[PDB]
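# Overview (structure and organization)
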Amino acid sequence: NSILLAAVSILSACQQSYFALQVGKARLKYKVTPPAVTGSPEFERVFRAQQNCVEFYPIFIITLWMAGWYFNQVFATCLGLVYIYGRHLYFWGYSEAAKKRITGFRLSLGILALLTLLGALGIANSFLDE
Amino acid sequence: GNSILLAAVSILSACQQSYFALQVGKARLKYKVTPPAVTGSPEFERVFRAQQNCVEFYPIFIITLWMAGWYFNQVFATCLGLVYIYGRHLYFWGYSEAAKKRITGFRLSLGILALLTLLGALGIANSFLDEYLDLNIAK
Amino acid sequence: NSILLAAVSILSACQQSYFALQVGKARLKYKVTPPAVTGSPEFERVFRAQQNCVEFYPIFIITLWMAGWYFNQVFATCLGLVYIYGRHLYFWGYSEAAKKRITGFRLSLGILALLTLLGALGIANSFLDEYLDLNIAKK
Ligand SMILES: CCCCCCCC/C=C\CCCCCCCC(=O)OC[C@H](O)CO
Ligand SMILES: N[C@@H](CCC(=O)N[C@@H](CS)C(=O)NCC(=O)O)C(=O)O
Ligand SMILES: N[C@@H](CCC(=O)N[C@@H](CS)C(=O)NCC(=O)O)C(=O)O
């Protein structure tokens, strides 16, 4: 069983594709011609927000699966849901103003350290039984 | 094991990505762009942006590829996987010659990514209704 | 029986987060206010190095697991550790001067390449097991 992990993962991949879509409409609304990524200030906020998310994505996925596999799938899955929401706050907050990114950011960084902690314990815990 | 095809596509796609990184490295030398800068030459700037768009989407493609292959069909996911790799080849070399000649390869690889997403969502769903609610769409 | 892969994977994730933190400390120290990523030579080097690392991360993870799953987990694990070390040289090297990034860059692309090779052999050998040929005949 990894079905809960599997659901959360497909969920998050849809959010990441959505964010990429938001940048695509921002190019048109603020007339920023590829390959440029600068000019309009709110475009730079949208672009930078989507970039920070897309960077951290594989890191969320790995910690998510290690925790779910070596600690508990249901608990990890729940944390996973919380992360997806924190990233929803981060993205939309930042789009409006750089200081509105702060809540969603702290939320998503909290979950991530926890996931790391849980995955690290279960992996450790698992090897002392051997 | 019953993932041997997925593993093969993954390794192929990973080689294409390292290949894209090599071109950026060679473009840096051809147009004399001093690191860590990434602007100055229009032809460099198109190559950099192209590799950037590919390298962003890579983990999304991988998750979508494996979820399709595990919960829907390894052979169908595997075949789409190859075409996606092909589309990104068009996108990259397309964008490199002109900003607007990236579009065919762009629509191809994204169309495919969505189909794979669809399949992954169905199979995961089907497996979920059969494992916590005892309902299979089997008929 | 993927316990070693899991461990290396958690180490590398911590490494990546530590790098992200450096960019954050650099933002405060050289006054680069978000969403800007230019404006200070020392920041731009730290930023660019961290960007190269996080982009290459999923490529390393896939390659690590295909090798570890289809060839040998202990050997893939060891290569994984040396790669994490190469990225350590690369990042701090680049932070001091763009031209001190080259050793760690070479070590880690060397490793990635070895991992890509081993995974390809292992998948091949493993594919022949549904053709019933196993090169346990070379063992
Ligand atoms: C000494 C620690 C062992 C490092 C090897 C395993 C790497 C794993 C941890 C962090 C990634 C890189 C950051 C390392 C943080 C400790 C080293 C440091 O802070 O400075 C290094 C020096 O300034 C320039 O070589
Ligand atoms: N700081 C430069 C050089 C970094 C580096 O070590 N390798 C570069 C080119 S020399 C690379 O392979 N980049 C792939 C990419 O980021 O596009 C950059 O990121 O463009
Ligand atoms: N992966 C991040 C790590 C650095 C980081 O955490 N930056 C914080 C600054 S506290 C951020 O969210 N910056 C907003 C932005 O990049 O636009 C990056 O390279 O930007």
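Residues numbered from 1 in each chain as written, not as in the entry; some residues may be left out. Chains lettered and ligands numbered in written order. Heavy atoms only, no water. Residues with missing side-chain atoms left out of burial classes, pairs and counts.

## Some remarks on helix α3 (residues 73-96) of chain A
- With 24 residues, α3 of chain A extends 35 Å from end C-alpha to end C-alpha; this agrees with the ideal 34 Å at 1.5 Å per step.
- Its side-chain oxygen 2.8 Å from the backbone nitrogen of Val74 of chain A, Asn72 of chain A forms the N-cap of α3 of chain A. (Helix = DSSP H or I, 4+ residues; strand = E, 2+ residues; numbered from the N terminus. Expected span 1.5 Å × (residues − 1). Polar contact = N/O pair within 3.5 Å; in protein donor to acceptor, adjacent residues only side chain to side chain.)

## Quick look at the UniProt feature "transmembrane region" in chain A
- UniProt marks residues 3-23, 56-76 and 108-128 of chain A with the feature "transmembrane region", using the numbering shown here.
- Along residues 108-128 of chain A the backbone is 100% helical and 0% strand, and the end-to-end C-alpha distance reaches 31 Å. (UniProt positions renumbered as here; feature names shortened; annotations may be inferred.)

## Concerning the interface of chain C and chain A
- Contacts between chain C and chain A engage 22 residues on the former and 18 residues on the latter.
- Per-residue buried area on chain C facing chain A is highest for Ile3, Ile10 and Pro35 of chain C; these three make up 33% of the total on that side.
- Taken together, chain C and chain A are joined by 0 salt bridges.
- Where chain C touches chain A, the interface holds 1 residue pair in polar contact. (Contact = heavy atoms within 4.5 Å. Buried area = accessible area lost by both parts, 1.4 Å probe. Salt bridge = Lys/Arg side-chain N within 4 Å of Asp/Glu carboxyl O.)

## Points about the site of ligand 2
- The environment of ligand 2 is made up of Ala21, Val24, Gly25, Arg28 and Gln51 of chain B together with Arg48, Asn52, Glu55, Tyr90, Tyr94, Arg101 and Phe105 of chain C.
- Neighbouring residues of ligand 2 are not confined to one chain but are distributed across chains B and C.
- Between ligand 2 and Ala21 of chain B there is a distance of 3.4 Å, counted from an oxygen atom to a backbone nitrogen or oxygen.
- Note that an oxygen atom of ligand 2 is positioned 2.5 Å from one of the side-chain N or O atoms of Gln51 of chain B. (Near = heavy atom within 4 Å.)

## Here we look at empty space enclosed by the protein
- Reported here for the largest cavity is a volume of approximately 560 Å³.
- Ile61 and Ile62 of chain A, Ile62 and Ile63 of chain B together with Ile61 of chain C are, among the 23 residues lining the largest cavity, the residues nearest its centre.
- Looking at the lining of the largest cavity, the elements that each hand over two or more residues are α2 (41-70) of chain A, α2 (42-71) of chain B together with α2 (41-70) of chain C.
- Taken together, the residues that form the lining of the largest cavity break down as 21 nonpolar, 2 polar and no charged. (1 Å grid on protein atoms, 1.4 Å probe; cavity = no way out; pocket = protein on both sides within 12 Å on 5 of 7 lines; lining within 4 Å. Points joined across faces, edges and corners; volume = space filled by probe spheres on them. Nonpolar A, V, L, I, M, F, W, Y, C, P; charged D, E, K, R; others polar.)

## Examining the interface of chain A and chain B
- Contact with chain A, which involves 25 residues of that partner, is made by 22 residues of chain B.
- Elements that contribute at least two residues to the side of chain A that touches chain B include exactly α1 (3-29) and α2 of chain A.
- Broken down by element, the side of chain A that touches chain B gets its largest block of residues, 11 residues, from α1 of chain A.
- Across the side of chain A that touches chain B, the residue classes tally to 17 nonpolar, 8 polar and no charged.

## Quick notes on the site of ligand 1
All names here are of chain C.
- In the vicinity of ligand 1, the residues found are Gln15, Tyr18, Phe19, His88 and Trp92.
- Across the complex, the protein chains shield 46% of the 600 Å² of accessible surface that ligand 1 would expose by itself.
- Going through the elements one at a time, α1 (3-29) and α3 (73-96) are the ones with two or more residues in the shell around ligand 1.
- Considering only residue class, the shell around ligand 1 consists of 3 nonpolar, 2 polar and no charged. (Areas by Shrake-Rupley, 256 points an atom, 1.4 Å probe, with all protein chains shown as cover.)

## Focus: the pattern of salt bridges
- Applying the stated criterion across every chain yields a total of 3 salt bridges over all chains.
- As a salt-bridge pair, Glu96 of chain A and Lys100 of chain A come within 3.5 Å of each other at their nearest N and O atoms.
- Residue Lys100 of chain A is classed as partly exposed on the basis of its relative accessible area of 45%.
- In this structure, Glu96 of chain C and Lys100 of chain C form a salt bridge, with 4.0 Å as the shortest nitrogen-oxygen distance.
- Judged by relative accessible area, which is 47%, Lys100 of chain C ranks as partly exposed. (Buried < 20%, exposed > 50% of the residue type's maximum accessible area, 1.4 Å probe, protein only.)

## Details of the nonpolar core
- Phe60 and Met66 of chain A, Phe61 and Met67 of chain B together with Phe60 and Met66 of chain C are the most contacted members of the largest nonpolar core, which totals 78 residues.
- It is α2 of chain C that provides the largest number of residues to this core, a total of 12 residues.
- When sequence neighbours within four positions are dropped, the list of residues in contact with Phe61 of chain B reads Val9, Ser13, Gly81, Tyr84, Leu113 and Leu116 of chain B. (Core = buried A, V, L, I, M, F, W, Y, C linked by side-chain atoms within 4.5 Å.)

## What to know about the state of the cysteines
- The full count for this structure, using the stated rule, is 0 disulfides over all chains.
- Between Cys79 of chain B, a free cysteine, and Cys15 of chain B, which holds the nearest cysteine sulfur, the sulfur-to-sulfur gap is 19 Å.
- By relative accessible area, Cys79 of chain B is classed as partly exposed at 43%.
- For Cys53 of chain C, which is in no disulfide, the shortest distance to another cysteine sulfur is to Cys14 of chain C and amounts to 15 Å. (Disulfide = S-S within 2.5 Å.)

## Some thoughts on a nonpolar patch on the surface
All names here are of chain B.
- A cluster of nonpolar residues, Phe72, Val75, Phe76, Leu115, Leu118 and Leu122, forms a patch on the protein surface that exposes about 550 Å² of accessible area.
- Looking at the nonpolar patch, the elements that each hand over two or more residues are α3 (74-97) and α4 (103-129).
- Residue contributions to the nonpolar patch peak at 3 residues, all from α4.
- Mapped onto the elements, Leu118 comes out in helix α4. (Patch = residues over 30% accessible without salt bridge, like charges linked within 9 Å, V, L, I, M, F, W, Y side chains within 5 Å.)

## Notes on the environment of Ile63 of chain B
All names here are of chain B.
- With respect to the secondary-structure elements, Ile63 resides in helix α2.
- Of the residues examined, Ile63 reaches a relative accessible area of 11% and is grouped as buried.
- Separated by 12 residues in the primary sequence, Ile63 and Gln51 place their C-alpha atoms 20 Å from one another.

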